[PDB]
Amino acid sequence: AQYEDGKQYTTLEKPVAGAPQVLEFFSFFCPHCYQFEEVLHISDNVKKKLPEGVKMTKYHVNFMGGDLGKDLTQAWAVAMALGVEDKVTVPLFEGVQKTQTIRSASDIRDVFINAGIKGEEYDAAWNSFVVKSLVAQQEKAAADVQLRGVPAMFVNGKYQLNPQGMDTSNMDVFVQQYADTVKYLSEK
């Protein structure tokens, strides 16, 4: 067929019940994730081709960048609670990988302050048990699929995107191929 298991996607040996329909994992330390966000706008282009009724979830992972990776996962938990994903994603990426000005929890915090989230609002969120369970969720979802690399996308808990099996000569072609595949998996 035109779409084949092991070619544009793989199948989980161990399907995950109750999983988000479209589930994406990343890390601010992950260089391809930088590309995926900054250059390719994968998340947005997928969204654009998804049917109505579909919910799109994006979670951070711990296994890159040691102590600061976990901090980054708690901070993405803060971003999700406050609804400020779209204001911090880019300065966080550029702060970890481009300028390298993110070295501690406090520098992470500065990105939020500079993006207009208030100190008290960030620090309350940071310490809330709503953020604690949000962190727990991010970890549960990753642990459920035995996640060992990012970027990663999972559809309906059963299919995993395999971008190494798509063409990378043209960036635009890679993205539409990627997105059309998510759409195909969606309907499956």
# chains A, B, ... in the order shown; residues from 1 in each chain; ligands from 1
>>> select_by_dssp(residues="range 12-45 of chain A", states="strand (DSSP E or B)", output="list in words")
residues 22, 23, 24, 25 and 26 of chain A
>>> write_last_selection(atoms="C-alpha atoms", output="PDB file, in the first residue's frame")
ATOM      1  CA  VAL A  22      -2.826  13.007  18.807  1.00  0.00           C
ATOM      2  CA  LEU A  23       0.029  12.942  21.320  1.00  0.00           C
ATOM      3  CA  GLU A  24       3.364  14.648  20.779  1.00  0.00           C
ATOM      4  CA  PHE A  25       6.575  14.487  22.868  1.00  0.00           C
ATOM      5  CA  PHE A  26       9.508  16.869  22.793  1.00  0.00           C
TER       6      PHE A  26
END
>>> residues_around(residues="residue 181 in chain A", least_positions_apart="3", cutoff="8 Å", atoms="only C-alpha atoms", output="ChimeraX atom specification")
/A:3,8,161,177-178,184-185
>>> closest_residue(among="A:125, A:152, A:147, A:171", to="residue 81 in chain A", atoms="only C-alpha atoms")
A:125
>>> select_by_dssp(residues="chain A", states="alpha helix (DSSP H)", output="MDAnalysis selection string")
chainID A and resid 31:34 42:49 66:82 85:93 105:114 119:127 129:144 171:187
>>> closest_residue(among="A:104, A:2, A:10, A:128", to="residue 160 in chain A", atoms="only C-alpha atoms")
A:10
>>> decode(residues="range 44-157 of chain A", atoms="C-alpha atoms", output="short mmCIF file (atom, residue, chain, number, x, y, z; two decimals), in the first residue's frame")
data_model
loop_
_atom_site.label_atom_id
_atom_site.label_comp_id
_atom_site.auth_asym_id
_atom_site.auth_seq_id
_atom_site.Cartn_x
_atom_site.Cartn_y
_atom_site.Cartn_z
CA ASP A 44 0.47 23.55 13.57
CA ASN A 45 0.49 21.89 10.16
CA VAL A 46 -0.80 18.64 11.59
CA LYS A 47 -3.58 20.54 13.39
CA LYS A 48 -4.58 22.17 10.12
CA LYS A 49 -5.25 18.75 8.49
CA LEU A 50 -6.94 17.09 11.43
CA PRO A 51 -10.71 16.46 11.32
CA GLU A 52 -13.11 18.10 13.73
CA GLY A 53 -13.37 16.38 17.08
CA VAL A 54 -9.62 15.88 17.34
CA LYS A 55 -7.62 17.08 20.34
CA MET A 56 -3.90 17.72 20.13
CA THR A 57 -1.68 17.12 23.16
CA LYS A 58 2.00 18.05 23.54
CA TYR A 59 4.16 16.89 26.49
CA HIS A 60 7.78 17.50 27.62
CA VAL A 61 10.17 14.70 28.58
CA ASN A 62 12.78 14.27 31.36
CA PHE A 63 15.46 12.10 29.79
CA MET A 64 17.39 14.96 28.20
CA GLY A 65 19.45 17.53 30.06
CA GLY A 66 19.39 15.98 33.55
CA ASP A 67 18.27 18.34 36.34
CA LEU A 68 17.28 21.09 33.94
CA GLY A 69 15.27 18.63 31.83
CA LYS A 70 12.99 17.97 34.79
CA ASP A 71 12.80 21.66 35.55
CA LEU A 72 11.83 22.14 31.96
CA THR A 73 9.07 19.53 32.32
CA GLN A 74 7.65 21.22 35.41
CA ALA A 75 7.80 24.58 33.48
CA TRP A 76 5.96 23.14 30.50
CA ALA A 77 3.42 21.95 33.12
CA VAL A 78 3.18 25.61 34.24
CA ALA A 79 2.78 26.78 30.64
CA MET A 80 -0.10 24.28 30.12
CA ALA A 81 -1.90 25.31 33.29
CA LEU A 82 -1.65 29.05 32.45
CA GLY A 83 -2.38 28.62 28.74
CA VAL A 84 0.85 30.34 27.75
CA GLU A 85 2.43 27.61 25.58
CA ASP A 86 2.50 29.87 22.57
CA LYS A 87 4.35 32.64 24.34
CA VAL A 88 7.16 30.65 25.86
CA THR A 89 7.89 27.77 23.45
CA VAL A 90 10.12 29.80 21.20
CA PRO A 91 12.10 31.73 23.85
CA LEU A 92 12.62 28.49 25.76
CA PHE A 93 13.95 26.71 22.68
CA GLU A 94 16.21 29.62 21.81
CA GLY A 95 17.29 30.00 25.44
CA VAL A 96 18.38 26.35 25.73
CA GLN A 97 19.82 25.71 22.22
CA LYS A 98 20.61 29.07 20.49
CA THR A 99 21.73 31.64 23.06
CA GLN A 100 22.35 29.15 25.88
CA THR A 101 21.14 31.51 28.56
CA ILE A 102 19.00 28.89 30.26
CA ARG A 103 21.15 27.24 32.88
CA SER A 104 18.91 27.00 35.95
CA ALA A 105 15.31 27.03 37.08
CA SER A 106 15.68 30.80 37.58
CA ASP A 107 16.59 31.41 33.96
CA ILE A 108 13.57 29.34 32.89
CA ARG A 109 11.49 31.61 35.14
CA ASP A 110 12.92 34.73 33.44
CA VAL A 111 11.60 33.61 30.07
CA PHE A 112 8.07 33.54 31.55
CA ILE A 113 8.55 36.95 33.33
CA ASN A 114 9.78 38.47 30.10
CA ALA A 115 6.84 36.91 28.27
CA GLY A 116 4.56 38.77 30.65
CA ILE A 117 3.51 36.09 33.14
CA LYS A 118 3.75 37.62 36.60
CA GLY A 119 6.23 36.47 39.22
CA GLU A 120 3.58 35.58 41.77
CA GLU A 121 1.52 33.88 39.08
CA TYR A 122 4.41 31.76 37.88
CA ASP A 123 5.67 30.87 41.35
CA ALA A 124 2.15 29.91 42.56
CA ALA A 125 1.60 27.78 39.47
CA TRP A 126 5.11 26.28 39.80
CA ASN A 127 4.24 25.11 43.32
CA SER A 128 0.64 24.08 42.81
CA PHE A 129 -0.55 20.46 43.04
CA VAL A 130 -2.38 21.03 39.78
CA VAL A 131 1.05 21.44 38.21
CA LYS A 132 2.25 18.37 40.11
CA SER A 133 -0.39 16.11 38.49
CA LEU A 134 0.25 17.74 35.11
CA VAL A 135 3.91 16.74 35.52
CA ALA A 136 2.77 13.26 36.60
CA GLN A 137 0.65 13.01 33.44
CA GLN A 138 3.52 13.99 31.17
CA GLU A 139 5.60 11.27 32.76
CA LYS A 140 2.76 8.70 32.69
CA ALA A 141 2.10 9.26 29.01
CA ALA A 142 5.80 8.87 28.13
CA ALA A 143 6.30 5.86 30.36
CA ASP A 144 3.20 4.19 28.83
CA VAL A 145 4.88 3.98 25.38
CA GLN A 146 8.39 3.30 26.71
CA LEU A 147 9.67 6.56 25.27
CA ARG A 148 13.39 6.69 24.52
CA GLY A 149 13.59 9.37 21.88
CA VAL A 150 12.07 12.65 20.76
CA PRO A 151 10.52 14.12 18.72
CA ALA A 152 7.75 11.57 18.80
CA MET A 153 4.10 11.51 17.84
CA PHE A 154 1.52 8.85 18.70
CA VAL A 155 -1.96 8.56 17.24
CA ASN A 156 -4.78 6.95 19.28
CA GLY A 157 -2.20 5.17 21.42
#
